[PDB]
Amino acid sequence: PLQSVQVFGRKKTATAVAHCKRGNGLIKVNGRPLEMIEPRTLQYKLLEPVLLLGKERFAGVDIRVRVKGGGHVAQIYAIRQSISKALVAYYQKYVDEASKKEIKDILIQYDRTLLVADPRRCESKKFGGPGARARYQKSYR
Amino acid sequence: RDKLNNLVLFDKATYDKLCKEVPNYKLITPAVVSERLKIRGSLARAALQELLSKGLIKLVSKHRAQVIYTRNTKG
Amino acid sequence: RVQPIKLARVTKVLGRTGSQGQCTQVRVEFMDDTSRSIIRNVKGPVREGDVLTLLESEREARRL
Amino acid sequence: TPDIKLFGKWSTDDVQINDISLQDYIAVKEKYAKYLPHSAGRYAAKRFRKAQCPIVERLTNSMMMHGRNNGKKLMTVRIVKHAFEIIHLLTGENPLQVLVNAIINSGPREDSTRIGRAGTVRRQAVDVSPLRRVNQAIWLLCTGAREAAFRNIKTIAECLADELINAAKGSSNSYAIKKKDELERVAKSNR
Amino acid sequence: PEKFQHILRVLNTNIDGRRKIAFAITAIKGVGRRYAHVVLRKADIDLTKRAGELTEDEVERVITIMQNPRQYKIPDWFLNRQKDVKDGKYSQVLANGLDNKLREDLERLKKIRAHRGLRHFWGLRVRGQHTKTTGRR
Amino acid sequence: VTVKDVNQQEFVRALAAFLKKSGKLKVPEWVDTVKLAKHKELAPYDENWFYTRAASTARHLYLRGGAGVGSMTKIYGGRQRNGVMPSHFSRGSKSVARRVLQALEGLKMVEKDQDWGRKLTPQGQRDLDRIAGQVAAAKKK
Amino acid sequence: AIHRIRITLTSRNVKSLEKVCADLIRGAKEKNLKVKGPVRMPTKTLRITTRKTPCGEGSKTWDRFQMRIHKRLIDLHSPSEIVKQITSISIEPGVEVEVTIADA
RNA sequence: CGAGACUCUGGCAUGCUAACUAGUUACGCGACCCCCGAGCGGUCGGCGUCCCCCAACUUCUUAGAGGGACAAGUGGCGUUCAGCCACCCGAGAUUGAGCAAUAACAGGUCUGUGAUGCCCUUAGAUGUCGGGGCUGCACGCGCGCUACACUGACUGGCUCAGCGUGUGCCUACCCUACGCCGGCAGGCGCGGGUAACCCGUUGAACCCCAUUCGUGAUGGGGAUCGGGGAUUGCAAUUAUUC
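- Per the deposition metadata, cryo-EM was the technique used to determine this entry, at a resolution of 5.8 Å.

Written as structure tokens, this is what we have:
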């Protein structure tokens, strides 16, 4: 057995659970590197925390992630939140506070809400329109 | 609106014109070449693909919708 | 007729005038002069301490 | 990367704001440098929020307009990245510096607001906020690029690049410049 | 950058570069986009090219396969008229000869006084669907 | 590795070429005049695509515990133009997809196994990995 | 021998369902049977949509009624009759309780 | 009294109690075993199936009880009040429904009602079967839908979901994985599932990608018409539909 914490990331619907366990591998998202996946037109965004905080930190732990829910963009945002949170979570209970705190400093300043949850989930549709707040055309003499 | 067509035959003169006008360009796309000549846009594109095996033009995009060529390294 | 361009910086957003309420009174410190400080109306949303580029102090911009 | 956060194949360094009145609504490195623009996809949450959004991100957002093209950011990001490359070949330089210059030159100074005067068509000469000047500039430039592309061979990327360069140093072949000269001229006149 | 090959005839129209071969052919009746595309595939001709490209040879090879469709394994379902009403076969109809048959069928069902015939002749809509505020302006 | 780690577009192209070398794909007496799917407004450009589809199907089956015609038909499926009515999802040709499953089985790329439909053969597992290696060296995108 | 028995409980009324479930669990263990503990299954929202207006002129007003059926099961393992016996007694109205011979 | 308050839903609980019609973790991981990479190799990491425990858990999934928002803390302002503004934490005093008073209206409904008054008709029906029309178009109006393209038409390929639902039903009946055949429509054989078991790891579309076409009513657009195949019904003529 090997040491392990789990965390999650949440944008809209699309939970992304990261299991951050002792070892060396990649960050893998659905078993494949961050580089792949596709749409890969947003690609730099999910690379971003890893580059900011060095790859040495995220290679002291193997990070494997299972993503379901939402769509392609929803998932990207979710994964980014879970990986950064993962690293911090692992260091917070096992390694040391100063490392996790340093990561929290670097992220929170430019900010991207990777340690606090997004509130925004779908607003309910109400009748008498074709949309949620969109409403049918009226006609008048 | 509008009505505009280009030659849709692959021609002699316009290919020669292209290669001998080459210092003018630093940006080359199909659309530009098409406008500046009378070559189609489709056969603008294709002329560039030929041209790239001189290597007076260098790929710097390879996107599906349309491609972007440079002239030499950077001009 | 003509005067030189004066940079003037928002000192205090006075409030909103206009018939529809879509004209904002502003007092702008004339910046070149601290003695002058004149009221000009700004169409846009105004955040204090941002800078206008006055092309005139002619044709005074005022409540309506 | 944490030393300076670059754009996704261009630098955020050597971008200069050539006006002292348009400051603090033009930024790209004054905290707001990004490899890939995206904040959280809200920008209407606070009235404060607009300051957070840099000129680059605002330009990508304003582009997606006209029903089919609405709500497709991914398409726009690909088009915009291509557009930067087209600018770089055409003038050398840094494409972001070209963008900044274009905004400054396209932004109006005086404009007009409606004022009553006998029921005759007269208006009051007013200066406008630098936030408004940036917002209007970005609008003009995006609308210009789209308008050209519609019934011409050139794509949105190419037309956007052409639109920025012409505005950056005047040529009178940029829509934004032509519109601005009309707004400022009319302002000066009036009652 | 090859001109040289230009001005091809398919049936009664001059076919030159404008569009890809397949689309270029569809000036004539009885050849849609799909028809001309499948004829070219059968005739072993790259259809991405122009019709100002390719010689007279290739054109004739296309014409033979279109007008003998079964005998070159263009199936019966793919045909504009299957079993027909005049002819006991299965015929691909092309050019001016389609116009002929269309006229024939409309006259035919005016004689026989079938509903399709009568409606079309009178200018009423042949399909039973609404024509209440449509089929005009 | 899983096949997902390496470049997906390059994988299917490399595998498709490997299939051509084998010299058989048990090809239909159709696919030279076909409608194909009803999501198509123009008949296929070439008769080449059958190899590409076969490679794609092999990859898709490698992922799953076993699957048949239904899985392939939805992936290849898209938007169907309904004329002047709203465009909606559908599933296109089933003869081709069935034929591809049969042909791959014949070569022993995939074989019938538990959880219904065809699942990968160890012969196929070996083949896919060899082209995976070639792809892995080439890029990652 | 112990026999695997499945008790399904179906209802619509949370509080009633919940305190039936309570009684089954508590009385089960009291004279020794398996405790387990409830496997909550997703409540199913039956939705009916109707026009609010007879005779439709005015505005489009729609009324939507829901009815939320709630399911749970509990798998007890212990011997034959004394399971289903001690469980199913001490309840009469208004919460369905099914004891099933299913599971081996 | 109405509204507020209230209730219900959406968001914040790695705290609480649970889960074999639900999953996850975590070994030991072996096999199918590929070497893809490391290691000489055993072994380690790996999408899935399979090994499964007297494993562990509720993180994703589920639904129960609990807490969290009160302008609370702090700072300005105000009759120093009621309240307002900013700031922290962060779901911020920013979610969406449900909810209707006093009273009016000749609003609509006798065709929802074996609720109903009077009137008509009633064995010669206005109580039932056979057939046609509502679907007829020189024209006016409204809600829509499809469009006018290159963020697209085209040909390959990548790939992620959610609310809900189903047969074995009190006047009539399902979703289909999976085999085969057919371009297609469709035909045909199985098996499971009143169901978070099976359909459905809901691997949907947008999206992403390499081309082709090249802004040209062009291949955008699919109107109108002609020929043919099938599906539904005992009956489709006035295209039921595909």
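1. Details of the pattern of salt bridges
No. 1: The tally for this structure, following the rule as stated, stands at 41 salt bridges over all chains.
No. 2: One salt bridge connects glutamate 48 of chain A with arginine 80 of chain A, and the closest N-O pair in it is separated by 3.0 Å. In this pair, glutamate 48 of chain A sits in helix 1 (residues 44–52) while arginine 80 of chain A sits in helix 2 (residues 72–93), placing the two residues 32 residues apart along the sequence.
No. 3: Overall, the relative accessible area of 2% leaves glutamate 48 of chain A in the buried class.
No. 4: For the salt bridge of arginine 40 of chain C with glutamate 56 of chain C, the shortest nitrogen-to-oxygen distance reads 3.6 Å. Here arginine 40 of chain C is found in strand 3 (residues 37–42), whereas its partner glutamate 56 of chain C is found in the segment after strand 4 (51–54), with 16 residues between them in sequence.
No. 5: You can call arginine 40 of chain C buried: its relative accessible area is 1%.
No. 6: With a relative accessible area of 1%, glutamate 56 of chain C lands in the buried category.
No. 7: Several salt bridges converge on common partners, so that one network encompasses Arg40, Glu56, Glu58, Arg59 and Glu60 of chain C together with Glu110, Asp127, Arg133 and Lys188 of chain D.

2. A short note on the packing of aromatic side chains
The geometry of two aromatic rings is summed up by the distance between their centres and the angle between their planes.
No. 1: Counted according to the given criterion, the structure contains five aromatic pairs over all chains.
No. 2: With a centroid separation of 5.3 Å and 80° between ring planes, the pair formed by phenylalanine 7 of chain D and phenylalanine 84 of chain D is classed as edge-to-face. Taken as a pair, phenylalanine 7 of chain D in the segment before helix 1 (55–63) and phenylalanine 84 of chain D in helix 2 (residues 73–91) lie far apart in primary sequence, 77 residues in all.
No. 3: With relative accessibility at 4%, the residue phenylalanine 84 of chain D sits in the buried group.
No. 4: Between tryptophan 77 of chain E and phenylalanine 78 of chain E, the aromatic rings sit 5.5 Å apart at their centres with planes inclined by 80°, giving edge-to-face as the arrangement.
No. 5: In this structure an aromatic cluster arises from ring pairing among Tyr35, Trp77 and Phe78 of chain E.

3. Observations regarding the packing of helix 2 (residues 50–63) of chain F against helix 5 (residues 122–138) of chain F
Residue and element names in this part refer to chain F.
No. 1: Direction vectors running N to C along helix 2 and helix 5 enclose 110°, while the axes themselves pass 11 Å from each other. Taken together, the axes of helix 2 and helix 5 are roughly perpendicular relative to one another. Like other packed secondary-structure pairs, helix 2 and helix 5 cross with a definite hand, here left-handed. Of helix 5, the residues touching helix 2 (which contributes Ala58, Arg59 and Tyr62) are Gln125, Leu128 and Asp129.
No. 2: Partitioning the contact of helix 2 with helix 5 into residue classes produces three nonpolar, one polar and two charged.

4. Section: the protein's contact with RNA strand H
No. 1: In the vicinity of RNA strand H, 196 residues are found, and the nearest of them are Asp118 of chain A, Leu4 of chain B, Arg18 of chain E together with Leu42 and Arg98 of chain F.
No. 2: The protein-proximal atoms of RNA strand H, defined as those within 4 Å of the protein, are 71% sugar or phosphate.
No. 3: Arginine 133 of chain A places a polar side-chain atom, nitrogen or oxygen, 3.0 Å from a phosphate oxygen of RNA strand H.
No. 4: The separation between a phosphate oxygen of RNA strand H and a polar side-chain atom of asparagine 6 of chain B is 3.1 Å.
No. 5: Partitioned by chemical class, the residues of the surface near RNA strand H number 61 nonpolar, 57 polar and 78 charged.

5. Side note on the interface of chain D and chain C
No. 1: Contacts between the two partners involve 25 residues from chain D, matched on the other side by 24 residues from chain C.
No. 2: Per-residue buried area on chain D facing chain C is highest for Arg114, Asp127 and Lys188 of chain D; these three make up 24% of the total on that side.
No. 3: For the interface between chain D and chain C, the tally reads three salt bridges.
No. 4: Where chain D meets chain C, there are 12 residue pairs in polar contact.
No. 5: Elements that contribute at least two residues to the side of chain D that touches chain C include exactly strand 1 (110–114), strand 2 (123–127) and helix 4 (130–149) of chain D.
No. 6: The element contributing the most residues to the side of chain D that touches chain C is strand 2 of chain D, with five residues.
No. 7: Looking at side-chain class alone, the side of chain D that touches chain C contains eight nonpolar, six polar and 11 charged residues.

Reading guide: rules and limits
Residues numbered from 1 in each chain as written, not as in the entry; some residues may be left out. Chains lettered and ligands numbered in written order. Part of a larger assembly, values for the part shown. Heavy atoms only, no water. Salt bridge = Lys/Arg side-chain N within 4 Å of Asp/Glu carboxyl O. Helix = DSSP H or I, 4+ residues; strand = E, 2+ residues; numbered from the N terminus. Buried < 20%, exposed > 50% of the residue type's maximum accessible area, 1.4 Å probe, protein only. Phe/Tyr/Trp six-rings, centres within 6.5 Å; stacked < 30°, edge-to-face > 60°. Axes fitted to C-alpha atoms, helices over the stretch in contact; angles between N-to-C directions. Parallel < 35°, antiparallel > 145°, perpendicular 65-115°, else oblique. Left-handed = near helix turned anticlockwise from the far one by under 90°. Contact = heavy atoms within 4.5 Å. Nonpolar A, V, L, I, M, F, W, Y, C, P; charged D, E, K, R; others polar. Near = heavy atom within 4 Å. Polar contact = N/O pair within 3.5 Å; in protein donor to acceptor, adjacent residues only side chain to side chain. Buried area = accessible area lost by both parts, 1.4 Å probe.

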